[PDB]
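What the coordinates show
As a plain string of letters, each chain reads:
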Amino acid sequence: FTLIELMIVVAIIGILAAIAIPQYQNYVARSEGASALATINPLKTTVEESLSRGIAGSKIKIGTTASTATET
Amino acid sequence: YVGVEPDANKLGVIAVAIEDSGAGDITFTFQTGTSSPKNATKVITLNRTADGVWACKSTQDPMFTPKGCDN
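About the thresholds
Residues numbered from 1 in each chain as written, not as in the entry; some residues may be left out. Chains lettered and ligands numbered in written order. Part of a larger assembly, values for the part shown. Heavy atoms only, no water. Contact = heavy atoms within 4.5 Å. Buried area = accessible area lost by both parts, 1.4 Å probe. Polar contact = N/O pair within 3.5 Å; in protein donor to acceptor, adjacent residues only side chain to side chain. Nonpolar A, V, L, I, M, F, W, Y, C, P; charged D, E, K, R; others polar. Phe/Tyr/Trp six-rings, centres within 6.5 Å; stacked < 30°, edge-to-face > 60°. Buried < 20%, exposed > 50% of the residue type's maximum accessible area, 1.4 Å probe, protein only. Pairing = 2+ DSSP bridges. Helix = DSSP H or I, 4+ residues; strand = E, 2+ residues; numbered from the N terminus. Axes fitted to C-alpha atoms, helices over the stretch in contact; angles between N-to-C directions. UniProt positions renumbered as here; feature names shortened; annotations may be inferred. Disulfide = S-S within 2.5 Å.

Per the PDB record, the structure was determined using cryo-EM to 3.17 Å resolution.

Here it is as structure tokens:
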């Protein structure tokens, strides 16, 4: 092992560092907003259809309970 | 008998109330739970006078009122 060998390794370590890391939280925030909008968008169909069929607005709830003829 | 049940149309019930003099009306009252909120509890009345004149009166919104029925 020579000192030139180790100094070249140190220089290449420094060069391999310093790689600029761009902003990434904006991408995550935008994806979260898109996911939320895509999650709550189909619920417009449920509310509108239930209101069209006469189901009371107070009877339109959120859950996995089996919807009856009066509750959705 | 008219041949249909009062609740034959699920939107609302139908009531026929004709007096002996010939005056009467035929009403269609939308029922809550089976009709849209805009039309709920609204009545479409086919009033008949003792002289045999038929008229249609509706309590719905003017935009939703069908043609030929006054609002």
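Glancing now at the interface of chain B and chain A. Contacts between chain B and chain A engage 5 residues on the former and 5 residues on the latter. A buried area of about 280 Å², summed over both sides, lies between chain B and chain A, and 50% of it is on carbon and sulfur atoms. Our count for the contact surface shared by chain B and chain A stands at 1 residue pair in polar contact. Of the residues that constitute the side of chain B that touches chain A, the class distribution is 1 nonpolar, 4 polar and no charged.

Each aromatic ring pair is characterised by the separation of its centres together with the angle its planes make. Applying the stated rule across the entire model yields 2 aromatic pairs over all chains. Aromatic side chains A:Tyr24 and A:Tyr27 sit 6.0 Å apart centroid to centroid with 75 degrees between the ring planes, which places their arrangement in the edge-to-face category. Relative to B:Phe30, the ring of B:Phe28 lies with its centre 5.3 Å away and its plane at 70 degrees, an arrangement referred to as edge-to-face. The same class applies to B:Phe28 and to B:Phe30, which are both buried.

All names here are of chain B. The strand order across the open sheet formed by 4 strands is β1-β2-β3-β4, and the pairing between neighbours is antiparallel. Whereas interior strands pair on both sides, the edge strands pair on one side only; in this sheet they are β1 (12-18) and β4 (54-58). This sheet shows a mean twist of 15 degrees between the axes of neighbouring strands, independent of strand direction. Bridge analysis of β1 against strand β2 (residues 24-30) gives 7 bridges, and the strand direction is antiparallel. Note on β2: the bridge partner recorded for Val-13 is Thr-29.

Now for the side chain of B:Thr45. All names here are of chain B. Residue position: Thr-45 is located in strand β3 (residues 43-48). On the basis of relative accessibility, which here comes to 16%, the residue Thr-45 falls in the buried class. Not counting residues within four places of it along the chain, the set of residues in contact with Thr-45 comprises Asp-25, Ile-26, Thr-27, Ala-55, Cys-56 and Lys-57.

It is worth spelling out the UniProt feature "transmembrane region" (unreviewed entry) in chain A at this point. Within the UniProt annotation, "transmembrane region" (unreviewed entry) is assigned to residues 6-24 of chain A. Along residues 6-24 of chain A one finds 58% helix and 0% strand; the C-alpha atoms at either end are 35 Å apart.

Residues and elements named next belong to chain B. If you walk through the whole model with that rule in mind, you get 1 disulfide over all chains. Shown here is the disulfide that connects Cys-56 with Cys-69, its sulfur atoms set 2.0 Å apart. Judged by the sign of its S-S torsion, about 80 degrees, the bond between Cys-56 and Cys-69 is right-handed. Placement of the pair is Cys-56 in strand β4 and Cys-69 in the segment after β4, with a sequence separation of 13 residues. For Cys-56, a relative accessible area of 9% puts it in the buried group. Accessibility expressed as a relative area gives 18% for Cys-69, which makes it buried.

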